[PDB]
Protein chains: 2
Amino acid sequence: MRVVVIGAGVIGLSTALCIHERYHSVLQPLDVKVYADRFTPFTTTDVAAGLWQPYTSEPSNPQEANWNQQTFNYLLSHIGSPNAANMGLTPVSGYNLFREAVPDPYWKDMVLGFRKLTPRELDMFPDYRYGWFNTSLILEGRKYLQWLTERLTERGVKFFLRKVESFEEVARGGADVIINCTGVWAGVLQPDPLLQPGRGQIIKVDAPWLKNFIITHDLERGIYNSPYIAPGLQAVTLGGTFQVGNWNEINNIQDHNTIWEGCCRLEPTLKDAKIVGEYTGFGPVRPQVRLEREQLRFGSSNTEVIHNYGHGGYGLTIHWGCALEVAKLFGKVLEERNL
Amino acid sequence: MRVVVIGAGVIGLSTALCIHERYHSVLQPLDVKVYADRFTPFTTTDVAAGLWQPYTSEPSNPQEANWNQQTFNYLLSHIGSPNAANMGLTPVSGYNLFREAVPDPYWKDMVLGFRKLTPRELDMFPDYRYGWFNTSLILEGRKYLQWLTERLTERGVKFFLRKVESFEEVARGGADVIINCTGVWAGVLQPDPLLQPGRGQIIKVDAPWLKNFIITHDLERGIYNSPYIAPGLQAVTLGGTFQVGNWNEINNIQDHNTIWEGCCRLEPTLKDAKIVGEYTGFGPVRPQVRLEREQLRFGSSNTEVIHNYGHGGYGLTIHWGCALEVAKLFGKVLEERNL
Ligand SMILES: Cc1cc2nc3c(=O)[nH]c(=O)nc-3n(C[C@H](O)[C@H](O)[C@H](O)COP(=O)(O)OP(=O)(O)OC[C@H]3O[C@@H](n4cnc5c(N)ncnc54)[C@H](O)[C@@H]3O)c2cc1C
Ligand SMILES: Cc1cc2nc3c(=O)[nH]c(=O)nc-3n(C[C@H](O)[C@H](O)[C@H](O)COP(=O)(O)OP(=O)(O)OC[C@H]3O[C@@H](n4cnc5c(N)ncnc54)[C@H](O)[C@@H]3O)c2cc1C
Ligand SMILES: N[C@@H](c1ccccc1)c1ccc(Cl)cc1
């Protein structure tokens, strides 16, 4: 076959690798290209802290807790390999703070050492009156993308810089299968106004004395409109804003003062952390992940398409579940085609 | 008053500020001097990884457990300061690992969120069957010595770089009180067959991705002769030698490999850490602390000695208690002359 993957973010490259691991032999050669107008370090994936943690409450699609679980277990299996940290993978422990007592999350027994905070702990945090502690994982976006681009190149997957204009023009290029992995920009190739953009600003600092994460939660304001501190491999991610339907790609100063004041509130040692950079990304926000097979018929050419977009603010936390599931749908295509 | 504090380790310098805090207003001539033949970075205090944890066993003495507790609550008080990290202070989370089960430590309720390690956690560590998890504090000796000398200097304490050959010489020099904070070399000033050297080799590596300290215990081998990993503010301490009685300050090739292989078995990501330095020091190992008053007279000059040494492999952890205690004993000495 001639396979083409559109997108080189986490969801792109992970999905391209999951396929090629499962469906390629020396006697059964496969040809995967990867098309993309942004590669690392310039993707939305590169911008994300990389902490493994789904959302507080239940999920509307219960496939998506299962994809979350499969991703955690795939990741944890690499903890203790010599290469973990070369994938961008390190364990980390932290706090989730709240203004009110809330139910436990469904993932409580997926993570390591989940528990409620003590009174003493809650005085480290004067503005908060309930929380949790747990150990989890940092899968750093920029590093995992580097790791994947390498593992994928040893297996002869070729790379092309190119802004695709429509699925049409990829069918005419002579493509049997298209894997669509464009996160927030899939609503250009084929309309979908259920896909809004999630606009998050982060500040990256040198504050190497911070080893725990700290996530605040304001339930009114919704996910990631409330201070967070995530240690990384080489630097620390301050964040705090997540505006849905805002398309502005510039950094802007309100978001800065909001992330800086609220994060200093939390960890006042930050007055001496030097700022390394400021960044803005767009979440592929969608009420459910669009992961499904679709046949198309572009004038002359018939094509086979699988979408993998709309992972919102949880693409790293779920990617490998999604990536596996795609290769299923790809398998079923191969069953019809006698190969 | 003329006070000469011998020693500029954590013990001397903390004791010295403790004193001058409690008594510069209410003693109109109060003159304090620090004599020492090593200042930071050449003390044993500078080799210490900096973690607050006592010995796993019960204490040798009820007073010591209180001093460890006083020190903990004191340091914790500064958590939340803007200047925590310029003191050398940041919180840290981590694991203690055993080859067999063992009882809870007496300090389990002093530290934050202490618990037993679950089965999944223990698969993360295949050469161990039991352990704890908890949150405690890094107090980096090197930063903290620095903070102490600044505060002392603000307050007008004077430092001298010199060898004290005897208590006699200091006494005839004008010393009313002498605080003896000489650590492992205290025996030189007045024999002590109980006080011997716990020799420890360590390796500083650059491995910013390790966030959690890891301490192993083989009870056959005695305490801290067993790989440990300790993240600092700016580097990571690898060690696991505490050979009592050895005075050899040259680094030895045997101990390097023991620390290196053993730490690499523990965190295999260490294959990629850059080695930054390798150093040896001597804990003042002694069945219990020597902290007590002693009068000595030479000719016609009576002089009050107060000892404060023998803190072994947990000096940072105990330091503040002791110093308060010595401030209390100084307190007596004053009232026995009427202020
Ligand atoms: C501030 C912030 C913090 C976050 N933190 C976390 C976190 O801690 N944990 C977590 O799990 N998730 C987090 N996320 C979510 C995460 O960033 C995304 O879910 C994930 O990166 C999406 O991957 P993607 O491949 O779908 O999108 P992207 O990374 O943006 O990749 C899209 C790719 O498709 C390409 N493409 C798009 N349009 C076209 C076109 N027309 N032609 C050709 N190529 C095209 C792009 O150029 C790019 O290569 C965060 C997001 C933000 C903004
Ligand atoms: C490898 C290693 C790791 C450790 N890790 C930890 C840890 O994680 N946590 C913890 O709590 N503890 C730890 N310790 C223990 C800690 O380092 C000691 O308990 C502490 O340093 C003792 O402080 P001190 O002032 O007694 O000794 P030192 O810091 O050695 O200072 C003694 C001072 O006295 C001076 N002096 C001595 N004799 C004379 C003389 N004749 N004339 C003039 N000056 C003199 C010296 O010059 C020096 O200034 C560790 C020790 C080692 C070796
Ligand atoms: N008691 C500390 C020690 C270690 C070796 C030698 C002497 C003392 C120590 C240092 C670091 C960590 Cl992680 C745990 C304990």
# chains A, B, ... in the order shown; residues from 1 in each chain; ligands from 1
$ interface_residues --of "chain B" --to "chain A" --cutoff "7 Å" --atoms "only C-alpha atoms" --output "PyMOL selection string"
chain B and resi 80-85+90+92+121+124+208-209+211+233-234+267-269
$ residues_near_ligand --ligand "ligand 1" --cutoff "7 Å" --atoms "only C-alpha atoms and all ligand atoms" --output "short mmCIF file (atom, residue, chain, number, x, y, z; two decimals) with N, CA and C atoms, in the first residue's frame"
data_model
loop_
_atom_site.label_atom_id
_atom_site.label_comp_id
_atom_site.auth_asym_id
_atom_site.auth_seq_id
_atom_site.Cartn_x
_atom_site.Cartn_y
_atom_site.Cartn_z
N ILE A 6 -1.26 12.61 7.78
CA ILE A 6 -1.22 14.07 7.77
C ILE A 6 -1.15 14.60 9.19
N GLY A 7 0.00 15.18 9.55
CA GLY A 7 0.30 15.68 10.90
C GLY A 7 1.52 15.01 11.52
N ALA A 8 2.38 15.82 12.14
CA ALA A 8 3.59 15.31 12.82
C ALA A 8 3.66 15.73 14.30
N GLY A 9 2.49 16.01 14.89
CA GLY A 9 2.38 16.20 16.33
C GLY A 9 2.46 14.84 17.03
N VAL A 10 2.09 14.76 18.31
CA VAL A 10 2.07 13.48 19.00
C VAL A 10 1.18 12.50 18.29
N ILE A 11 -0.04 12.93 17.99
CA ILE A 11 -1.05 12.01 17.48
C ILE A 11 -0.63 11.47 16.11
N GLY A 12 -0.15 12.33 15.23
CA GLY A 12 0.47 11.90 13.98
C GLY A 12 1.55 10.83 14.14
N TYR A 35 3.10 13.61 5.92
CA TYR A 35 2.96 14.98 5.38
C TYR A 35 2.62 15.96 6.52
N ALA A 36 3.13 17.20 6.46
CA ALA A 36 3.05 18.11 7.61
C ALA A 36 3.62 19.53 7.36
N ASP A 37 2.93 20.60 7.76
CA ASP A 37 3.44 21.97 7.54
C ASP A 37 4.12 22.55 8.77
N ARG A 38 4.07 21.77 9.86
CA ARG A 38 4.81 22.04 11.11
C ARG A 38 5.29 20.70 11.68
N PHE A 39 6.60 20.64 11.96
CA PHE A 39 7.25 19.55 12.69
C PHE A 39 7.76 20.05 14.05
N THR A 43 5.15 22.40 16.91
CA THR A 43 3.79 21.87 17.02
C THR A 43 3.20 22.19 18.38
N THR A 44 1.88 22.08 18.47
CA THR A 44 1.13 22.26 19.72
C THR A 44 1.61 21.21 20.72
N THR A 45 1.98 20.04 20.23
CA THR A 45 2.53 19.02 21.12
C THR A 45 3.77 19.48 21.90
N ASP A 46 4.71 20.12 21.20
CA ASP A 46 5.90 20.69 21.83
C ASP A 46 5.56 21.63 22.98
N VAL A 47 4.47 22.36 22.89
CA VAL A 47 4.06 23.29 23.94
C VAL A 47 3.55 22.65 25.26
N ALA A 48 3.08 21.40 25.24
CA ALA A 48 2.39 20.85 26.42
C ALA A 48 3.38 20.31 27.45
N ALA A 49 3.14 20.67 28.72
CA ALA A 49 3.90 20.16 29.89
C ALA A 49 4.23 18.64 29.87
N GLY A 50 3.23 17.86 29.53
CA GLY A 50 3.42 16.45 29.37
C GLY A 50 3.01 15.63 30.54
N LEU A 51 2.26 16.20 31.48
CA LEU A 51 1.83 15.44 32.67
C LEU A 51 0.70 14.46 32.30
N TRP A 52 0.79 13.22 32.78
CA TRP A 52 -0.29 12.29 32.58
C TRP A 52 -1.33 12.54 33.65
N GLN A 53 -2.53 12.93 33.21
CA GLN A 53 -3.68 13.12 34.11
C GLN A 53 -4.95 13.43 33.27
N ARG A 162 4.91 19.88 3.78
CA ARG A 162 3.88 20.21 2.78
C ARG A 162 2.55 20.54 3.48
N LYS A 163 1.97 21.70 3.14
CA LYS A 163 0.59 22.09 3.52
C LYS A 163 -0.45 21.51 2.55
N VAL A 164 -1.00 20.36 2.93
CA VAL A 164 -2.09 19.72 2.20
C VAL A 164 -3.26 20.71 2.10
N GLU A 165 -3.92 20.73 0.94
CA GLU A 165 -4.99 21.69 0.62
C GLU A 165 -6.37 21.06 0.68
N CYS A 181 -4.40 13.51 11.07
CA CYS A 181 -3.84 13.72 12.41
C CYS A 181 -3.54 15.19 12.66
N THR A 182 -4.43 16.04 12.19
CA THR A 182 -4.18 17.47 12.13
C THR A 182 -4.68 18.22 13.36
N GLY A 183 -5.03 17.51 14.44
CA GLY A 183 -5.50 18.21 15.64
C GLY A 183 -6.41 19.38 15.28
N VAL A 184 -6.14 20.57 15.79
CA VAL A 184 -7.11 21.69 15.69
C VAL A 184 -7.39 22.22 14.28
N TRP A 185 -6.59 21.84 13.29
CA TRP A 185 -6.76 22.33 11.90
C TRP A 185 -7.40 21.31 10.89
N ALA A 186 -8.10 20.29 11.41
CA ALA A 186 -8.88 19.34 10.60
C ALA A 186 -10.15 19.98 10.02
N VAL A 188 -10.43 22.58 8.33
CA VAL A 188 -10.14 23.23 7.07
C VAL A 188 -10.31 22.21 5.94
N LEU A 189 -9.61 21.08 6.03
CA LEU A 189 -9.80 20.00 5.08
C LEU A 189 -11.24 19.49 4.93
N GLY A 198 -8.58 25.31 21.59
CA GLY A 198 -8.28 25.70 22.97
C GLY A 198 -6.97 26.46 23.10
N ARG A 199 -7.02 27.76 23.41
CA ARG A 199 -5.82 28.60 23.44
C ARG A 199 -5.21 28.71 24.82
N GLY A 200 -4.06 28.05 24.97
CA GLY A 200 -3.29 28.04 26.20
C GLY A 200 -1.95 28.72 26.03
N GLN A 201 -1.65 29.65 26.94
CA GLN A 201 -0.34 30.24 27.09
C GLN A 201 0.39 29.56 28.25
N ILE A 202 1.67 29.24 28.06
CA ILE A 202 2.55 28.79 29.16
C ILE A 202 3.75 29.73 29.24
N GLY A 239 1.61 27.52 33.84
CA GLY A 239 0.46 27.81 32.99
C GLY A 239 -0.72 28.27 33.80
N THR A 280 2.48 29.71 23.04
CA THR A 280 1.02 29.59 22.89
C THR A 280 0.70 28.41 22.02
N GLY A 281 -0.24 27.57 22.48
CA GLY A 281 -0.72 26.43 21.72
C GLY A 281 -2.23 26.39 21.60
N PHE A 282 -2.72 25.60 20.64
CA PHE A 282 -4.15 25.36 20.43
C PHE A 282 -4.56 23.89 20.61
N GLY A 283 -5.28 23.65 21.70
CA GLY A 283 -5.93 22.38 21.96
C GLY A 283 -6.91 22.03 20.86
N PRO A 284 -6.90 20.77 20.41
CA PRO A 284 -7.95 20.34 19.52
C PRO A 284 -9.17 19.94 20.33
N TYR A 309 -8.35 13.01 15.44
CA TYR A 309 -8.20 14.37 15.89
C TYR A 309 -9.19 14.66 16.97
N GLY A 310 -9.07 15.83 17.59
CA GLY A 310 -9.96 16.23 18.69
C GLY A 310 -9.63 15.72 20.10
N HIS A 311 -8.34 15.55 20.40
CA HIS A 311 -7.91 15.10 21.73
C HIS A 311 -7.82 16.21 22.77
N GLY A 312 -8.10 17.45 22.38
CA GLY A 312 -8.31 18.51 23.34
C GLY A 312 -7.10 18.82 24.19
N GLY A 313 -7.28 18.78 25.51
CA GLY A 313 -6.20 19.00 26.47
C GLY A 313 -5.61 17.75 27.10
N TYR A 314 -5.73 16.64 26.39
CA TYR A 314 -5.37 15.36 26.93
C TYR A 314 -4.74 14.43 25.86
N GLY A 315 -4.28 14.98 24.72
CA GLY A 315 -3.59 14.20 23.68
C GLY A 315 -2.40 13.31 24.08
N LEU A 316 -1.53 13.76 24.98
CA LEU A 316 -0.42 12.92 25.48
C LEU A 316 -0.88 11.82 26.41
N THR A 317 -1.91 12.15 27.19
CA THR A 317 -2.47 11.27 28.19
C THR A 317 -3.19 10.10 27.54
N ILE A 318 -3.66 10.26 26.31
CA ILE A 318 -4.43 9.22 25.61
C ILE A 318 -3.81 8.69 24.28
#
$ atom_distance --atom1 "atom 53 (C, counted along the ligand's line) of ligand 2" --atom2 "CA of residue 147 (chain B)"
20.7 Å
$ select_by_dssp --residues "region 216-302 of chain A" --states "strand (DSSP E)" --output "ChimeraX atom specification"
/A:216,228-231,236-239,243-244,274-285,293-298,301-302
$ select_by_dssp --residues "region 53-125 of chain A" --states "helix (DSSP H, G or I)" --output "list in words"
residues 63, 64, 65, 66, 67, 68, 69, 70, 71, 72, 73, 74, 75, 76, 77, 78, 84, 85, 86, 121, 122, 123 and 124 of chain A
$ atom_distance --atom1 "CA of residue 223 (chain B)" --atom2 "CA of residue 146 (chain B)"
28.8 Å
$ closest_residue --among "B:327, B:291, B:263, B:276" --to "ligand 3" --atoms "only C-alpha atoms and all ligand atoms"
B:263
$ residues_around --residues "residue 73 (chain A)" --least-positions-apart "5" --cutoff "9 Å" --atoms "only C-alpha atoms" --output "list in words"
residues 68, 78 and 110 of chain A
$ closest_residue --among "B:176, B:335, B:100, B:261" --to "residue 33 (chain B)" --atoms "only C-alpha atoms"
B:176
$ atom_distance --atom1 "atom 28 (P, counted along the ligand's line) of ligand 2" --atom2 "CA of residue 296 (chain B)"
23.9 Å
$ closest_residue --among "B:131, B:29, B:240, B:41" --to "ligand 3" --atoms "only C-alpha atoms and all ligand atoms"
B:240
$ residues_around --residues "residue 230 (chain B)" --least-positions-apart "6" --cutoff "6 Å" --atoms "only C-alpha atoms" --output "list in words"
residues 213, 236 and 237 of chain B
$ residues_around --residues "residue 3 (chain A)" --least-positions-apart "6" --cutoff "9 Å" --atoms "only C-alpha atoms" --output "VMD selection string"
chain A and resid 30 to 34 175 to 179
$ closest_residue --among "B:105, B:187, B:62, B:197" --to "ligand 3" --atoms "only C-alpha atoms and all ligand atoms"
B:197
